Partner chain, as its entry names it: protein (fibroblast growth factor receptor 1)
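Just one chain follows, in the form solved without the partner chain, and it is written as structure tokens.
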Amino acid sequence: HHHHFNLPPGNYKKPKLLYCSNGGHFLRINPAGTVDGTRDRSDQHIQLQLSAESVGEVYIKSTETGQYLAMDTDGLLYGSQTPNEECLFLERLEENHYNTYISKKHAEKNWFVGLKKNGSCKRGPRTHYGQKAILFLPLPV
């Protein structure tokens, strides 16, 4: 293992909004396959269904389009039509409260899902433990 194993509570029964306390944006997977954030709670591309592939390993999928969140070889988040190795994330508890998501494929490099204060996603290499950009709270839809 490259990382700890404190897991968040909650489950995967219902879809969630992934709220980033850094700028208050919800993670959004656009139909074109781009990924960013928005503060508009009425957006139809922020409702995400998570599922556990293995304990602590999840897929994050848009319920509106069926796309899977994924992180590419250069660290950019994208929406994938089919599940692949870039779509698995290590879901962990952080600061005894938040949920963080580490790219399983690049877990040794500590590449997280993260949103900047301006709503743009962070590139894997620019994320790291300790940032506010990587802290999420799953909210009910």
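Numbering follows the first chain given and starts at 1.
A second form of this protein, the form deposited with the partner chain bound, is not displayed here; the remarks below concern that form.
- At least one heavy atom of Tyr98 is located within 4.5 Å of the partner chain in the deposited bound form.
- Taking the partner from the other structure, the partner chain in the deposited bound form has no heavy atom within 4.5 Å of any heavy atom of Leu27.
- Heavy atoms of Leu69 never reach within 4.5 Å of the partner chain in the deposited bound form, leaving it off the interface.
- The closest heavy atom approach of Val58 to the partner chain in the deposited bound form falls within 4.5 Å.
- Proximity to the partner chain in the deposited bound form holds for none of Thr73, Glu86 and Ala107, with the criterion being a heavy atom within 4.5 Å.
- Of all the residues from 39-55, those having a non-hydrogen atom no more than 4.5 Å from the partner chain in the deposited bound form are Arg39, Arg41, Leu50, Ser51, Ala52, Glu53, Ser54, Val55.
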